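Peer 1: File upload-v5.pdb below, PDB, C-alpha atoms:
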```pdb
ATOM      1  CA  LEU A 333     -11.447  25.460  -2.511  1.00  0.00           C
ATOM      2  CA  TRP A 334     -14.056  27.940  -1.595  1.00  0.00           C
ATOM      3  CA  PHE A 335     -15.676  28.872   1.712  1.00  0.00           C
ATOM      4  CA  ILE A 336     -15.230  25.703   3.813  1.00  0.00           C
ATOM      5  CA  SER A 337     -11.689  24.914   2.736  1.00  0.00           C
ATOM      6  CA  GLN A 338      -8.889  27.126   4.063  1.00  0.00           C
ATOM      7  CA  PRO A 339     -10.132  27.528   7.691  1.00  0.00           C
ATOM      8  CA  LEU A 340     -10.563  23.789   8.282  1.00  0.00           C
ATOM      9  CA  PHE A 341      -7.109  23.576   6.771  1.00  0.00           C
ATOM     10  CA  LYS A 342      -6.292  25.810   9.738  1.00  0.00           C
ATOM     11  CA  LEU A 343      -7.868  23.140  11.918  1.00  0.00           C
ATOM     12  CA  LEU A 344      -5.293  20.931  10.238  1.00  0.00           C
ATOM     13  CA  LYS A 345      -2.628  23.475  11.242  1.00  0.00           C
ATOM     14  CA  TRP A 346      -3.696  23.745  14.891  1.00  0.00           C
ATOM     15  CA  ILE A 347      -3.513  19.958  15.031  1.00  0.00           C
ATOM     16  CA  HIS A 348       0.057  19.506  13.939  1.00  0.00           C
ATOM     17  CA  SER A 349       3.203  20.893  15.466  1.00  0.00           C
ATOM     18  CA  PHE A 350       5.139  17.682  14.928  1.00  0.00           C
ATOM     19  CA  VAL A 351       3.063  14.960  13.269  1.00  0.00           C
ATOM     20  CA  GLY A 352       5.970  14.754  10.892  1.00  0.00           C
ATOM     21  CA  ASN A 353       4.859  11.595   9.035  1.00  0.00           C
ATOM     22  CA  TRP A 354       2.584  13.400   6.610  1.00  0.00           C
ATOM     23  CA  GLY A 355       0.067  10.712   5.804  1.00  0.00           C
ATOM     24  CA  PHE A 356      -0.763  10.782   9.504  1.00  0.00           C
ATOM     25  CA  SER A 357      -1.632  14.437   9.137  1.00  0.00           C
ATOM     26  CA  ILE A 358      -4.232  13.080   6.709  1.00  0.00           C
ATOM     27  CA  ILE A 359      -5.411  10.490   9.257  1.00  0.00           C
ATOM     28  CA  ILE A 360      -5.476  12.956  12.149  1.00  0.00           C
ATOM     29  CA  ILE A 361      -7.266  15.466   9.944  1.00  0.00           C
ATOM     30  CA  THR A 362      -9.596  12.523   9.522  1.00  0.00           C
ATOM     31  CA  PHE A 363     -10.411  12.046  13.216  1.00  0.00           C
ATOM     32  CA  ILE A 364     -10.716  15.775  13.887  1.00  0.00           C
ATOM     33  CA  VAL A 365     -12.210  16.934  10.568  1.00  0.00           C
ATOM     34  CA  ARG A 366     -15.033  14.511  11.224  1.00  0.00           C
ATOM     35  CA  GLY A 367     -14.604  15.806  14.768  1.00  0.00           C
ATOM     36  CA  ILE A 368     -16.051  19.293  14.422  1.00  0.00           C
ATOM     37  CA  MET A 369     -18.260  18.292  11.461  1.00  0.00           C
ATOM     38  CA  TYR A 370     -20.124  16.020  13.883  1.00  0.00           C
ATOM     39  CA  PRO A 371     -22.879  18.607  14.826  1.00  0.00           C
ATOM     40  CA  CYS A 423     -28.865  15.282  -5.820  1.00  0.00           C
ATOM     41  CA  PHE A 424     -27.900  16.300  -2.313  1.00  0.00           C
ATOM     42  CA  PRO A 425     -24.981  14.123  -1.450  1.00  0.00           C
ATOM     43  CA  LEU A 426     -22.583  16.059  -3.619  1.00  0.00           C
ATOM     44  CA  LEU A 427     -23.148  19.807  -3.490  1.00  0.00           C
ATOM     45  CA  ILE A 428     -22.087  19.666   0.187  1.00  0.00           C
ATOM     46  CA  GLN A 429     -18.827  17.867  -0.813  1.00  0.00           C
ATOM     47  CA  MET A 430     -17.014  21.206  -1.184  1.00  0.00           C
ATOM     48  CA  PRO A 431     -15.867  21.018   2.484  1.00  0.00           C
ATOM     49  CA  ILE A 432     -14.725  17.494   1.790  1.00  0.00           C
ATOM     50  CA  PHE A 433     -12.846  17.367  -1.525  1.00  0.00           C
ATOM     51  CA  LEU A 434     -11.686  20.942  -1.040  1.00  0.00           C
ATOM     52  CA  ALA A 435     -10.678  21.348   2.618  1.00  0.00           C
ATOM     53  CA  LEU A 436      -9.363  17.833   1.985  1.00  0.00           C
ATOM     54  CA  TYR A 437      -7.444  19.216  -0.972  1.00  0.00           C
ATOM     55  CA  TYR A 438      -5.769  21.756   1.325  1.00  0.00           C
ATOM     56  CA  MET A 439      -5.476  18.708   3.572  1.00  0.00           C
ATOM     57  CA  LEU A 440      -3.161  17.005   1.100  1.00  0.00           C
ATOM     58  CA  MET A 441      -1.434  20.198  -0.037  1.00  0.00           C
ATOM     59  CA  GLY A 442      -0.564  21.459   3.441  1.00  0.00           C
ATOM     60  CA  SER A 443       1.744  22.610   4.471  1.00  0.00           C
ATOM     61  CA  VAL A 444       4.440  23.389   1.908  1.00  0.00           C
ATOM     62  CA  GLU A 445       6.268  20.092   2.533  1.00  0.00           C
ATOM     63  CA  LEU A 446       3.777  17.599   1.150  1.00  0.00           C
ATOM     64  CA  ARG A 447       5.161  17.007  -2.309  1.00  0.00           C
ATOM     65  CA  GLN A 448       7.564  14.027  -2.336  1.00  0.00           C
ATOM     66  CA  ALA A 449       7.057  13.479   1.408  1.00  0.00           C
ATOM     67  CA  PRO A 450       7.255  10.233   3.438  1.00  0.00           C
ATOM     68  CA  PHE A 451       4.435   7.812   3.784  1.00  0.00           C
ATOM     69  CA  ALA A 452       4.957   4.237   4.898  1.00  0.00           C
ATOM     70  CA  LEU A 453       5.211   1.362   2.436  1.00  0.00           C
ATOM     71  CA  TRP A 454       5.071   2.483  -1.214  1.00  0.00           C
ATOM     72  CA  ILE A 455       3.539   5.911  -1.994  1.00  0.00           C
ATOM     73  CA  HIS A 456       6.185   8.604  -2.042  1.00  0.00           C
ATOM     74  CA  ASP A 457       3.959  11.285  -3.638  1.00  0.00           C
ATOM     75  CA  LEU A 458       0.975  12.328  -1.515  1.00  0.00           C
ATOM     76  CA  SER A 459       0.666  15.807  -3.126  1.00  0.00           C
ATOM     77  CA  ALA A 460      -0.167  14.563  -6.631  1.00  0.00           C
ATOM     78  CA  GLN A 461      -1.804  11.421  -7.979  1.00  0.00           C
ATOM     79  CA  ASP A 462      -0.684   7.948  -6.918  1.00  0.00           C
ATOM     80  CA  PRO A 463       2.041   6.838  -9.380  1.00  0.00           C
ATOM     81  CA  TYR A 464       0.877   3.198  -9.171  1.00  0.00           C
ATOM     82  CA  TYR A 465      -2.804   4.133  -8.393  1.00  0.00           C
ATOM     83  CA  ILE A 466      -2.749   1.437  -5.638  1.00  0.00           C
ATOM     84  CA  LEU A 467      -4.873   2.918  -2.841  1.00  0.00           C
ATOM     85  CA  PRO A 468      -7.799   3.138  -5.315  1.00  0.00           C
ATOM     86  CA  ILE A 469      -7.404  -0.651  -5.658  1.00  0.00           C
ATOM     87  CA  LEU A 470      -7.735  -0.660  -1.877  1.00  0.00           C
ATOM     88  CA  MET A 471     -10.684   1.641  -2.528  1.00  0.00           C
ATOM     89  CA  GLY A 472     -12.393  -0.974  -4.639  1.00  0.00           C
ATOM     90  CA  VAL A 473     -11.526  -3.648  -2.092  1.00  0.00           C
ATOM     91  CA  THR A 474     -12.897  -1.683   0.871  1.00  0.00           C
ATOM     92  CA  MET A 475     -15.453   0.650  -0.773  1.00  0.00           C
ATOM     93  CA  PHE A 476     -16.815  -2.071  -3.068  1.00  0.00           C
ATOM     94  CA  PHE A 477     -17.989  -4.550  -0.394  1.00  0.00           C
ATOM     95  CA  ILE A 478     -20.149  -2.423   1.956  1.00  0.00           C
ATOM     96  CA  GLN A 479     -23.087  -4.430   3.328  1.00  0.00           C
ATOM     97  CA  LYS A 493     -27.954  -0.869  -9.230  1.00  0.00           C
ATOM     98  CA  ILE A 494     -25.493   1.784 -10.331  1.00  0.00           C
ATOM     99  CA  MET A 495     -24.084   1.797  -6.762  1.00  0.00           C
ATOM    100  CA  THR A 496     -22.963  -1.814  -7.188  1.00  0.00           C
ATOM    101  CA  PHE A 497     -20.483  -0.187  -9.626  1.00  0.00           C
ATOM    102  CA  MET A 498     -19.539   3.196  -8.150  1.00  0.00           C
ATOM    103  CA  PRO A 499     -16.663   2.317  -5.726  1.00  0.00           C
ATOM    104  CA  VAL A 500     -14.830   1.389  -8.954  1.00  0.00           C
ATOM    105  CA  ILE A 501     -16.431   4.379 -10.740  1.00  0.00           C
ATOM    106  CA  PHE A 502     -15.389   6.675  -7.915  1.00  0.00           C
ATOM    107  CA  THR A 503     -12.060   4.792  -8.093  1.00  0.00           C
ATOM    108  CA  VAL A 504     -11.363   5.781 -11.700  1.00  0.00           C
ATOM    109  CA  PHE A 505     -12.728   9.182 -10.711  1.00  0.00           C
ATOM    110  CA  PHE A 506     -10.090   9.417  -7.936  1.00  0.00           C
ATOM    111  CA  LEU A 507      -7.361   8.389 -10.367  1.00  0.00           C
ATOM    112  CA  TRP A 508      -7.757  12.007 -11.516  1.00  0.00           C
ATOM    113  CA  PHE A 509      -7.007  13.117  -7.954  1.00  0.00           C
ATOM    114  CA  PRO A 510      -4.117  12.425  -5.537  1.00  0.00           C
ATOM    115  CA  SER A 511      -4.161   9.295  -3.377  1.00  0.00           C
ATOM    116  CA  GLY A 512      -4.118  10.540   0.224  1.00  0.00           C
ATOM    117  CA  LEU A 513      -7.462  12.137  -0.527  1.00  0.00           C
ATOM    118  CA  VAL A 514      -8.765   8.663  -1.287  1.00  0.00           C
ATOM    119  CA  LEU A 515      -7.114   7.706   2.004  1.00  0.00           C
ATOM    120  CA  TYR A 516      -9.372  10.031   4.016  1.00  0.00           C
ATOM    121  CA  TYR A 517     -12.125   8.395   1.991  1.00  0.00           C
ATOM    122  CA  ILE A 518     -10.879   4.989   3.136  1.00  0.00           C
ATOM    123  CA  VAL A 519     -10.778   5.998   6.791  1.00  0.00           C
ATOM    124  CA  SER A 520     -14.343   7.328   6.634  1.00  0.00           C
ATOM    125  CA  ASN A 521     -15.513   4.149   4.938  1.00  0.00           C
ATOM    126  CA  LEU A 522     -13.617   2.403   7.761  1.00  0.00           C
ATOM    127  CA  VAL A 523     -15.623   4.267  10.350  1.00  0.00           C
ATOM    128  CA  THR A 524     -18.506   2.608   8.523  1.00  0.00           C
ATOM    129  CA  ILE A 525     -16.428  -0.577   8.762  1.00  0.00           C
ATOM    130  CA  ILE A 526     -15.599  -0.549  12.471  1.00  0.00           C
ATOM    131  CA  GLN A 527     -18.992   0.778  13.629  1.00  0.00           C
ATOM    132  CA  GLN A 528     -20.468  -2.677  13.854  1.00  0.00           C
TER     133      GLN A 528
END
```
What does this structure look like when you write it as structure tokens?

Peer 2:
Amino acid sequence: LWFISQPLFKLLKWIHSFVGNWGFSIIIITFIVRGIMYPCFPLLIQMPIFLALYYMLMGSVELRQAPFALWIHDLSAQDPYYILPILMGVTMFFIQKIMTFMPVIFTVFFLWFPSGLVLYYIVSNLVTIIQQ
């Protein structure tokens, strides 16, 4: 949560006056967070992502126990059924040696993080889906 995090969380703030469904703050912070970003070296640049995405989930002050459609009632903290990471194996696992595993390895890595974060992951992977 270091130098790329809080200000792009303020990009999240400038977005939303009323978005009041708070998973859709995570989906809008998708479109726009990949918006201005558009201009072992996958990971060390993930600080913007997991972190400004962490202030993504955490913001702002309402996002524990907040509405999302269908099942998940807790976006702030980890998915109480872990379901979206099963979506994350479904969607992340099919893209077309150790990377024929990872979407499940990432999945059980995500199970140590909240779900909506994996949701921004899903929507990026779904840019890779709907490109074609």

Peer 1: So, counting all atoms listed in the file, which residue among A:476, A:451, A:465, A:363 is closest to residue 508 (chain A)?

Peer 2: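 Distance minimum relative to residue 508 (chain A) lands on A:465.
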
Peer 1: Give me the result of the PyMOL selection byres ((chain A and resi 518) around 9) on this file, residue by residue, as a PyMOL selection string.

Peer 2: chain A and resi 467+470-471+474-475+513-517+519-523

Peer 1: Take the PyMOL selection byres ((chain A and resi 334-339) around 6), run it mentally on this structure, and tell me the resulting residues as a list in words.

Peer 2: residues 333, 340, 341, 342, 431, 434 and 435 of chain A

Peer 1: Let me know the residues the PyMOL selection byres ((chain A and resi 361) around 9) catches in the file above, as a PyMOL selection string.

Peer 2: chain A and resi 341+343-344+347+356-360+362-367+436+439+516

Peer 1: Which residue, A:427, A:472, A:351, A:371, has the smallest gap to residue 503 (chain A) when you use all atoms listed in the file?

Peer 2: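 Looking at the shortest contact to residue 503 (chain A), the residue is A:472.
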
Peer 1: Hey, could you pull the box centre and edge lengths for region 352-365 of chain A, axis-aligned, 4 Å padding per side, all listed atoms, to one decimal in Å, as JSON?

Peer 2:
```
{"center_x": -3.1, "center_y": 13.7, "center_z": 9.8, "size_x": 26.2, "size_y": 14.4, "size_z": 16.1}
```

Peer 1: Can you measure CA of residue 459 (chain A) to CA of residue 447 (chain A) for me? One decimal in Å is fine.

Peer 2: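 Result for CA of residue 459 (chain A) versus CA of residue 447 (chain A): 4.7 Å, one decimal.
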
Peer 1: Residues near residue 460 (chain A), anyone? I mean within 9 Å using all atoms listed in the file, not counting same-chain ones fewer than 3 positions away, as a PDB file with C-alpha atoms, in the frame of the given file.

Peer 2:
```pdb
ATOM      1  CA  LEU A 440      -3.161  17.005   1.100  1.00  0.00           C
ATOM      2  CA  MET A 441      -1.434  20.198  -0.037  1.00  0.00           C
ATOM      3  CA  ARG A 447       5.161  17.007  -2.309  1.00  0.00           C
ATOM      4  CA  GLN A 448       7.564  14.027  -2.336  1.00  0.00           C
ATOM      5  CA  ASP A 457       3.959  11.285  -3.638  1.00  0.00           C
ATOM      6  CA  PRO A 463       2.041   6.838  -9.380  1.00  0.00           C
ATOM      7  CA  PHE A 509      -7.007  13.117  -7.954  1.00  0.00           C
ATOM      8  CA  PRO A 510      -4.117  12.425  -5.537  1.00  0.00           C
ATOM      9  CA  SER A 511      -4.161   9.295  -3.377  1.00  0.00           C
ATOM     10  CA  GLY A 512      -4.118  10.540   0.224  1.00  0.00           C
TER      11      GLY A 512
END
```

Peer 1: Could you check which of A:526, A:345, A:446, A:462 is closest to residue 507 (chain A), using all atoms listed in the file?

Peer 2: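 Between A:526, A:345, A:446, A:462, the residue approaching residue 507 (chain A) most closely is A:462.
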
Peer 1: Can you measure CA of residue 437 (chain A) to CA of residue 528 (chain A) for me? One decimal in Å is fine.

Peer 2: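 Spanning CA of residue 437 (chain A) to CA of residue 528 (chain A) is a straight-line distance of 29.5 Å.
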